[PDB]
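First the proteins, then the strands, lettered A, B, ... as listed; each starts at 1. Just the heavy atoms: all of them, side chains too, but no hydrogens, waters or symmetry mates, feed the values below.
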Amino acid sequence: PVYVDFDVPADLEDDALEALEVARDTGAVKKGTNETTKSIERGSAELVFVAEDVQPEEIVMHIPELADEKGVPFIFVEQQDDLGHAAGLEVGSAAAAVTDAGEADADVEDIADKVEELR
Amino acid sequence: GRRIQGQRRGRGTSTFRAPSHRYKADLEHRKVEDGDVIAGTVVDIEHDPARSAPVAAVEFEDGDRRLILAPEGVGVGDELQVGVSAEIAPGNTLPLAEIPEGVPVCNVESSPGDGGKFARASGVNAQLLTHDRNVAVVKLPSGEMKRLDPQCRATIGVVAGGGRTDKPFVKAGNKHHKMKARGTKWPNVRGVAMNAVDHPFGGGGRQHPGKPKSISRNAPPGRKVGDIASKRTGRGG
Amino acid sequence: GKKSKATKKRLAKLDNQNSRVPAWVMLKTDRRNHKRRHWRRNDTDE
Amino acid sequence: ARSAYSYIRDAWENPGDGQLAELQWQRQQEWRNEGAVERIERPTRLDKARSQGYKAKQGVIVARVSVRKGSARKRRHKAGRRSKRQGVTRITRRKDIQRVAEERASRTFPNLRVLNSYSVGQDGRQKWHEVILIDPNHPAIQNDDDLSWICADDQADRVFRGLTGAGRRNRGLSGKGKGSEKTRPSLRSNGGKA
RNA sequence: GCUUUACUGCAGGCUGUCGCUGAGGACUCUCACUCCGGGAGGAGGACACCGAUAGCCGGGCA
RNA sequence: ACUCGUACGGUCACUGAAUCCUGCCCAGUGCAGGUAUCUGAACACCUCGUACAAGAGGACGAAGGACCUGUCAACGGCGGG
RNA sequence: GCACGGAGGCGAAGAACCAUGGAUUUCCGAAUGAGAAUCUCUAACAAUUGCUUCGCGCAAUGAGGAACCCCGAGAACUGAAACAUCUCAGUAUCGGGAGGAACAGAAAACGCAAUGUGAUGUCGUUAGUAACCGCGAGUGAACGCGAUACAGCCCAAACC
Ligand SMILES: [Cl-]
Ligand SMILES: [Cl-]
Ligand SMILES: [Cl-]
Ligand SMILES: [K+]
Ligand SMILES: [Mg+2]
Ligand SMILES: [Mg+2]
Ligand SMILES: [Mg+2]
Ligand SMILES: [Mg+2]
Ligand SMILES: [Mg+2]
Ligand SMILES: [Mg+2]
Ligand SMILES: [Mg+2]
Ligand SMILES: [Mg+2]
Ligand SMILES: [Mg+2]
Ligand SMILES: [Mg+2]
Ligand SMILES: [Mg+2]
Ligand SMILES: [Mg+2]
Ligand SMILES: [Mg+2]
Ligand SMILES: [Mg+2]
Ligand SMILES: [Mg+2]
Ligand SMILES: [Mg+2]
Ligand SMILES: [Mg+2]
Ligand SMILES: [Mg+2]
Ligand code: NA
Ligand code: NA
Ligand code: NA
Ligand code: NA
Ligand code: NA
Ligand code: NA
Ligand code: NA
Ligand code: NA
Ligand code: NA
Ligand code: NA
Ligand code: NA
Ligand SMILES: [Sr+2]
Ligand SMILES: [Sr+2]
Ligand SMILES: [Sr+2]
Ligand SMILES: [Sr+2]
Ligand SMILES: [Sr+2]
Ligand SMILES: [Sr+2]
Ligand SMILES: [Sr+2]
Ligand SMILES: [Sr+2]
Ligand SMILES: [Sr+2]
Ligand SMILES: [Sr+2]
């Protein structure tokens, strides 16, 4: 909430997760806030996800600005466990990063676009 | 020395407590949603041990039986109203805003909904003077002009039992009985009649305070006795 | 007074202890009940 | 590259600036309505907790504790004392608030043992600290190579005997040389002059 | 043991200052915090309460 | 605690039923109010000093005091010539 | 049995006695289903916790112990020929807690200043020295050295 500067439509969040799900089956993805953070730092990330139900918020407060000064696009997910499921986890995930998509570059592209527009 | 009586009081031991287990009830106004659709019938007049004044037992429409702070002139059978739309007559309760200026009131709330704080003693009454949209000006029994939120509820009329103070107790025994119904240690032994160890005024060949009685507001408990922060004393001047 | 069942058991025990040292103990030890109590001269517990 | 953890750390170097400032302003409102000791599922300062020994494992518990701010709360002398032992107002206690907090937490969880604790802020009238406690009887811990040490009998009630990091510092045991003449090996053995 | 304008201190009260504490020498606001209200909501408001410190008073106490 | 209390209350003191009365004194002390000017601490601020700090000085000045006023059914006083 | 009686009994089916192990082990008692001056009333880990199959299912705590030990609270008589800083003294006493011993402990050390020592207790000494102090009365270390015993390791993070 303090790190969320815009609301994402339930339908946009739908496409993103699906894309992330196919991204793990095809391309490569990072699960976890630490791995996600390094991806953004190493610049090896195309799209990063950040749950909105993270408590304490400290764990993810840095993703937004870290991504901006790294050009990496990011999107918000409402549920923490959905991101973990979509990422192919038996648990939850506060943040995620699609390290090079996989047969979803067209979608990941559109998603990043629909966001920039959504400001 | 030893702690003075005023300090013994604060510990709240039996000797200084009020016979609460004997008290009837706290005459706080009823809580109404709105509409004023609340009316009851005076079912009986009773004695209130804690105030030496009468109180009225009321049965409300919705089945609630409660004692109420009774104004003068309220009798069994009479119908009382409590709400914004209540009628303007003795025994009824409604916010100051709905009350017409120049009408004597009692059991006035300090903060809207508290149940009444001002003018609750025998034969007293506050006088609603000025109205407004932001402030209701009331003249309390002490003569002080109090600014109240127009939303503060009150009861029309003066408190029952007036004149109670006009007759002397005549004898100690009567004071005694009254005191047994209050949170007060009585009778009273003068400070000057005690030993130096017991009070700032104790000691000395003959009785007399060995000091001026007007004491500073800043004096600590144990020393704050006599005439507290008096702006003046005596009758002259 | 009103004694409880337990108080009664204790009182009973004290009464029992108030007996004499059997005569045979005398012969055997070849020569006093130091805890001899009197209802009046003494005071029991409780 | 920088760990995500370093970001939590860096935020907490200035709890009064940035987003952290707003989080605290919001949080404390809720904290002020909670009890003296509240168990929490996750540390508010992850980096600090893991740094102190915390692990996301069975038998590891975290609880936030609040304590009234200020100096000592002492009763003035009823019997005669010389000016020196008449002091009442400016005299403070010998245990810091963090230590008091660690003990309350441990009393709440009689079966757990204090591992460490850290500050999570304060307002004008109270201070908050989170405490990491461990279940010495849970096998997930009896088998942990990094925590099984706290299962030993001599580790029972360690916080009440000053065996905590906060305990050791408060006992003036930080320095190994100058200044620790009367603190090591114990305050008591040195006649209580440290 | 008791007294006081004995000595020296200690509670306590008043007062300034710093923290709690925010936004736009006099001011507005609301979001902390306080109070009233069963609740909605109302009143107050960066004050007050509380922590720290400074000056004054200080046989109430040692 | 007072307090299921709210100035026709209850707290703190003095005098001590009724009756007839209760004079003069506010300089000292006490309490309270006011206060142009004077005095009045710490933090912040300014000058000097220190590559910093100790420290010296300055400006501002709250309560309090100086000063003024009210007050004796307030402590008390009501003499010598 | 102490305990030297009377009566009677047990023991070669090896008693008594002793060692080890086991059985029985009323009620109150931390005392734990609720209550109670050792008893009573109608199935019990009461209470706080952890795990959890979310069910008291599996577990922990509670109280004791001569002192010793660790962490907190902390006097006064007394000395100074009075007394306030100081002293008595971090003593007496109080609160909490562990063990068979505690505590300490592998340097952001030491600073015989070095081309030197090398975790920590403790003992001897260093020394009534340095330092404190109405610079009064009094208080009072450390490094080092000689001994005792010796022992060094594990995380957090980086990268996965
Ligand atoms: Cl009266
Ligand atoms: Cl512990
Ligand atoms: Cl050396
Ligand atoms: K002394
Ligand atoms: Mg009432
Ligand atoms: Mg009485
Ligand atoms: Mg009298
Ligand atoms: Mg007398
Ligand atoms: Mg006195
Ligand atoms: Mg007299
Ligand atoms: Mg007289
Ligand atoms: Mg018999
Ligand atoms: Mg030792
Ligand atoms: Mg309230
Ligand atoms: Mg004295
Ligand atoms: Mg008389
Ligand atoms: Mg039982
Ligand atoms: Mg002496
Ligand atoms: Mg001398
Ligand atoms: Mg000493
Ligand atoms: Mg040294
Ligand atoms: Mg390892
Ligand atoms: Na007897
Ligand atoms: Na514990
Ligand atoms: Na005496
Ligand atoms: Na005068
Ligand atoms: Na047995
Ligand atoms: Na148990
Ligand atoms: Na259970
Ligand atoms: Na002497
Ligand atoms: Na003497
Ligand atoms: Na001295
Ligand atoms: Na040498
Ligand atoms: Sr989870
Ligand atoms: Sr009331
Ligand atoms: Sr009420
Ligand atoms: Sr006197
Ligand atoms: Sr007069
Ligand atoms: Sr007798
Ligand atoms: Sr224990
Ligand atoms: Sr008279
Ligand atoms: Sr005067
Ligand atoms: Sr060695």
How does protein contact run along nucleotides 62-75 of chain F, one letter per nucleotide 5' to 3', with B for base contact, S for sugar-phosphate only, - for none, heavy atoms under 4.0 Å?
--------BSSBBS

Pairing pattern in dot-bracket form [Watson-Crick, G-U; both distances under 3.5 Å; | = partner strand] for RNA chain G:
................................(((...)))(.)..(((((.....)))))......((((((.....(...[..)......))))).).........((.....))...(((((.....((.]...))....)))))............

Restricting both atoms to N or O, compile the protein contacts to nucleotides 65-69 of chain G shorter than 3.5 Å, with distance only.
residue: G/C69; atom: OP2; partner: D/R188; partner atom: NH1; Å: 2.9
residue: G/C69; atom: OP2; partner: D/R188; partner atom: NH2; Å: 2.9
residue: G/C69; atom: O5'; partner: D/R188; partner atom: NH1; Å: 3.0

Name all stems that contain residues of RNA chain F, defined as runs of 3 or more consecutive Watson-Crick or G-U wobble pairs, both distances under 3.5 Å.
F:23-25 with F:76-78, F:30-34 with F:67-71, F:37-39 with F:64-66, F:45-48 with F:55-58

So which of residues 9-33 of chain B are in contact with RNA chain G, with a heavy-atom cut-off of under 4.0 Å?
none

Can you find a side chain N or O atom of B/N134 that sits less than 4.0 Å from OP1 or OP2 on E/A43?
no

List every contact pair, protein side and nucleotides 116-120 of chain G side both N or O, where the distance is under 3.5 Å.
residue: G/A119; atom: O2'; partner: D/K176; partner atom: NZ; Å: 2.7

Between G/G74 and D/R81, counting only base atoms on the nucleotide and side-chain atoms on the residue, is there a donor-acceptor pair under 3.5 Å?
no

Expressed as a whole number of Å, how far does the P atom of F/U39 sit from that of F/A59?
10 Å

Each nucleotide of nucleotides 155-160 of chain G classed B (base within 4.0 Å of a protein heavy atom), S (only sugar-phosphate) or -, in 5' to 3' order, makes SSSSSS

Here, do the bases of G/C83 and G/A84 lie with ring centres under 5.5 Å and ring planes under 30 degrees of each other?
no

Which letter, B, S or -, goes with each nucleotide of nucleotides 130-147 of chain G from 5' to 3', with contact meaning a protein heavy atom under 4.0 Å?
----------SSS-----

D/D123 or B/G113, whichever maps to the more 5' nucleotide of RNA chain E
D/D123

OP1, OP2 of G/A98 versus side-chain N and O of D/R158: anything below 4.0 Å?
no

Taking only nitrogen or oxygen atoms into account, show me every contact under 3.5 Å that the protein makes with nucleotides 50-56 of chain G, one pair per line with its distance.
residue: G/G50; atom: OP1; partner: D/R39; partner atom: NH1; Å: 2.8
residue: G/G50; atom: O4'; partner: D/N111; partner atom: ND2; Å: 3.4
residue: G/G50; atom: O2'; partner: D/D135; partner atom: OD2; Å: 2.6
residue: G/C51; atom: OP1; partner: D/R39; partner atom: NH2; Å: 2.8
residue: G/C51; atom: OP2; partner: D/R39; partner atom: NH1; Å: 2.9
residue: G/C51; atom: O2'; partner: D/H138; partner atom: NE2; Å: 3.2
residue: G/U52; atom: OP1; partner: D/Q58; partner atom: OE1; Å: 3.2

Scan nucleotides 84-88 of chain G against the protein and return all N/O pairs shorter than 3.5 Å with their distances rounded to 0.1 Å.
residue: G/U85; atom: OP1; partner: D/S83; partner atom: OG; Å: 2.5
residue: G/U85; atom: OP1; partner: D/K84; partner atom: N; Å: 3.1
residue: G/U85; atom: OP2; partner: D/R82; partner atom: NH1; Å: 3.1
residue: G/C86; atom: OP2; partner: D/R82; partner atom: NH1; Å: 3.2
residue: G/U87; atom: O4; partner: D/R82; partner atom: NE; Å: 2.8
residue: G/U87; atom: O4; partner: D/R82; partner atom: NH2; Å: 3.4
residue: G/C88; atom: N4; partner: D/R82; partner atom: NH2; Å: 3.2

Across all chains, not counting sequence neighbours, the side-chain hydrogen bond (donor to acceptor under 3.5 Å, both in side chains) partners of C/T7 are C/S4, C/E46

Apply the syn/anti split at 90° from 0 to G/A12 and say which one it is.
syn

Can you work out whether D/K95 or D/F160 has the more 5'-proximal nearest nucleotide on RNA chain G?
D/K95

So which protein N/O to nucleotides 5-10 of chain G N/O distances come out below 3.5 Å?
residue: G/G5; atom: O4'; partner: C/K28; partner atom: N; Å: 3.4

